[PDB]
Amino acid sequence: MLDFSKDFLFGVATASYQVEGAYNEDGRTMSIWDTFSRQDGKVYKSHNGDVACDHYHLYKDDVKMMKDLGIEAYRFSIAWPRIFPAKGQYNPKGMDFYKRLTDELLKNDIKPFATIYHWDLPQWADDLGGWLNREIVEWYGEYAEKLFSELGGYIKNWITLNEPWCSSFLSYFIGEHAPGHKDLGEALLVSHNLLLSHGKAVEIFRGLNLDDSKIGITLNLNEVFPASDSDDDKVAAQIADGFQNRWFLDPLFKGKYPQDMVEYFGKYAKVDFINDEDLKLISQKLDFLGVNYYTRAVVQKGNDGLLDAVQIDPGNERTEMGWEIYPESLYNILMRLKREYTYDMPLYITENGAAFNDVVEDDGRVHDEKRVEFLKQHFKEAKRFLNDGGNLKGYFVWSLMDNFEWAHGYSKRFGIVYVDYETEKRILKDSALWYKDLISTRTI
């Protein structure tokens, strides 16, 4: 009688540097993104997260707003530079914010899902080598252990990392994200140290044996289509799929990097970081996998260079990111996980959403009908996955509110709530009203 059971979690998601602001308050020191956004040319119009949505000060209003929407779960991230603003220097004032935030969530019947690392690495850590320095595994472990011990009574659902593909390849090879290096070998080593750090947190988590508490990781996944049935395009799609998806799915769930990608990358950079002991730590059993899904890719062979697939435009509708709106890949990826990687393990959609050109009209409303339709199409695919036997436990819309979209600054609006940054006023978009009805009726 319900398309989504009473226990299914309808959620929304944010991340610390994208919404919190208060960047220099209560002991917080700079992250790599505070630094990167101040480097000329790195972030749209030199936007930064000094203030963002001011969620640090407005969190009670923002929790009340989710309660009034009927939100059942809230995914947020915890800012490492608030908790350890200097190496080995714990900041209780930082922890106090996350205690009052999660206290407010629980008292309004919202289940907290905490991302431990969502890209705001402390600058002190980068200055010591950052994710390129294997000692980060211990720094990250000490940070995660402090969170588990201080917040375990508050938070029962933990996500070690958000989108390690971004923190590695987008940050160290492509150079769009902080710290902005452009070196394939560095990105590969960073991917390994990220996964090893995830593994250390899981090891610590299991040793604590926290009552009724679950840990997982969040991966951004796509689906790659070859532009034609040619051998050239099949190899192009295999490489693109290995670069985005299997490079992380295989070590996590198979205990082995994908050998075709090890050999492919090996022609261009060192891959000598691979070893049995590390892969055993990386592949420890998880309680759930979080899936971040936005779009697909249609790719054509390029010019035999490194990762040079041509991006094909199939001529369909797109968001303001240029991302094709292709809801069927949400179902296809969840099914692929069920059949190839996670089997009967619980899955959560930890991000899905879209950026459109949102305007407050003269009636004071944001009539974001393209986002209403986007979310409607994707929740219909979640429902189809459920009805086909998939183990989907919840769905977090990216984002609760418009926020700092990394290298795009505030120019891309993903919220179901509009934020007028001059006043920090929140305006419910029509997509939020649609979502409120979905949660209430559990019907689509």
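For every residue, the number given is its place in the sequence shown, counted from 1.
Visitor: Using only C-alpha atoms and the B-factors in the entry, which stretch averages higher, 319-327 or 82-90?
Guide: Mean B over CA atoms: larger for 82-90.
Visitor: Mean CA B-factor: is it higher for 269-277 or for 141-149?
Guide: Going by the record's values, the stretch with the higher mean is 269-277.
Visitor: Highest Cα B-factor in the PDB entry belongs to which of 222, 168, 160, 303?
Guide: Out of 222, 168, 160, 303, the record gives the largest C-alpha B-factor to 303.
Visitor: Between 179, 112, 251, 129, which one tops the list for C-alpha B-factor in the PDB entry?
Guide: Largest recorded C-alpha B-factor: 129.
Visitor: C-alpha B factor of residue 361, ranked within the chain: lowest, middle or highest third?
Guide: Tercile = highest for this residue's CA B-factor.
Visitor: Pull the Cα B-factor of residue 435 out of the PDB entry and bin it into the chain's lowest, middle or highest third.
Guide: According to the entry, residue 435 has a C-alpha B-factor in the chain's lowest third.
Visitor: Relative to the other modelled residues in the chain, which third contains the C-alpha temperature factor of residue 368: lowest, middle or highest?
Guide: It belongs to the middle third of the chain when residues are ordered by C-alpha B-factor.
Visitor: What third of its chain, lowest, middle or highest, does the C-alpha temperature factor of residue 186 fall into?
Guide: As the PDB entry reports it, the C-alpha B-factor of residue 186 lands in the middle third of its chain.
Visitor: Among all modelled residues of this chain, ranked by Cα B factor, put residue 351 in the bottom, middle or top third, i.e. lowest, middle or highest.
Guide: Lowest third of the chain for residue 351's C-alpha B-factor.
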